[PDB]
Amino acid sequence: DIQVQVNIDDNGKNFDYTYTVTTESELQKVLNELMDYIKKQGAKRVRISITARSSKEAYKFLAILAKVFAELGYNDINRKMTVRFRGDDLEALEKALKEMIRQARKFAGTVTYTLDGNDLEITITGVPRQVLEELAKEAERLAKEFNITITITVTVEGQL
């Protein structure tokens, strides 16, 4: 139902906790576990993605994420979202890519994208939470339009 990768790097200590929480009641638990950990041991660098399937879900998740890093006292924050489109007609896939990169760049946004046979990935950097959210509605209406599969991972790394 919902993917979670998490990375702590410390030089000498590293960790790649990787989850699938299905309820998302779960999700708060595991987020919570992690935090009690860093309050203790204290990490140098953390990164956390949470994968979604809906524009609405995307909203929840960076918010949830924001709360986390915020509680963590991590102000040197670094966002990112990687939209994933899936569909057989490679035409409409591209049509989406164009339109998607457009809007990402209508703001100060830097994209990378890869298309590897009917799977098109589009990463997106250098924007506020406010943009990402608005860029994800756009991701979702695009999916709906040409009836392609969408996914929206919401990364957010941060050091301190």
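Numbers follow the displayed sequence, beginning with 1.
Higher-B stretch (mean Cα B-factor, as the entry records it), 33-41 or 94-102: Between 94-102 and 33-41, it is 33-41 that shows the higher mean C-alpha B-factor.
Of 151-159 and 3-11, the stretch whose C-alpha atoms average the higher B-factor in the entry: Stretch with the higher mean C-alpha B-factor: 3-11.
From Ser54, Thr125, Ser49, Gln130, residue of greatest CA B-factor: Max CA B-factor in the entry, restricted to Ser54, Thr125, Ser49, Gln130: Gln130.
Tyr59 - which third its CA temperature factor falls in, relative to the rest of the chain: CA B-factor rank for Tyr59: middle third.
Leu72 CA temperature factor, ranked by third within the chain: Answer is highest: the recorded C-alpha B-factor places it there.
Chain-relative CA temperature factor third for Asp116: Its C-alpha B-factor, which the entry lists for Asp116, ranks in the highest third among residues of this chain.
Entry-reported Cα temperature factor of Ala66, expressed as the chain third it lands in: CA B-factor rank for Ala66: middle third.
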